[PDB]
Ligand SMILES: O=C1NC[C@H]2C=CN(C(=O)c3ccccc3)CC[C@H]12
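To begin, one chain is listed below as structure tokens, in the form deposited without this ligand.
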């Protein structure tokens, strides 16, 4: 069976299981089940499934080099699909809540879930809670007797928690740290002293790399019983590196990809986000450029947003991006090679993850 149709089939299976259980154990009525069905589909489906399919691809890599009965191949692949959906539904939780937190309008060319007329914020906050609760119910049902249950649940939680800490670092990235205070409304920084490469790398490490790259790779190892084919410090290092590059790309696209292809109107400028473009621009600007940036950034006024975009274009950030890209290519290739000391197979899955990111 091809991997993607397997993965999509298991979605239907898992959906049916969740909804059936709601009717048999939680007293749900058919109409609320239908609401939840539609919510699940709307929030979990229509992406590329990169994350969840990475679990499947890592497991397929090991299957090719490990002896197993056919029934065991099938079980491993089924477990990789269930694990992949756990990550997809965890992402769906994040996207639902982040869209509400940010006041976002669109995502992938459709309205954010909370904006649907019969949803509203009141229900959407809790729908997003249910999305993450479903990752747990999947795990406890499908993995009940698996030797990797403990390790998978402990990994998932730590990744979830890193991700929420990353969200805190992102939402507070334009405040001055020393002014953070629940009692006092938070002003935008005026110095931008915290718009540094290291502070940027911390936001991105936590907010996206743990759930986007570390979790799918490590979940593929766990369902394969293969965590001894790797040196875990290398897997962390490479996940955090590729993940950062991925986010740099998104940051650049927020500013410069047309909204039709981007799937939304990018607002990182208006939102005063600590983006790669802002940090890179500040890292090369002269005094007059810095002052122009300060006078215009973090404002809704379209004229001011256009002043920032013009500053970025004139500053030749494409060159800084090429230099960054080159360095990432170097270090990701060095880590892949270190990963072959223990598993050629795992190293190749990491190569493929790299190729999908670099050349999307």
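Positions refer to the first chain, counted from 1.
One more form of this protein, solved in complex with this ligand, exists but is not displayed; see below.
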property: Residue 221: touches this ligand in the deposited complex, heavy atom cutoff 4.5 angstroms; result: yes
property: Contact of residue 138 with this ligand in the deposited complex (heavy atom, 4.5 Å); result: no
property: Residue 229, heavy atom within 4.5 angstroms of this ligand in the deposited complex; result: yes
property: Distance check, residue 65 to this ligand in the deposited complex, heavy atom within 4.5 Å; result: yes
property: Sequence-ordered list of residues in 332-360 near this ligand in the deposited complex, where near means a heavy atom within 4.5 Å; result: 342, 343, 344, 345, 346
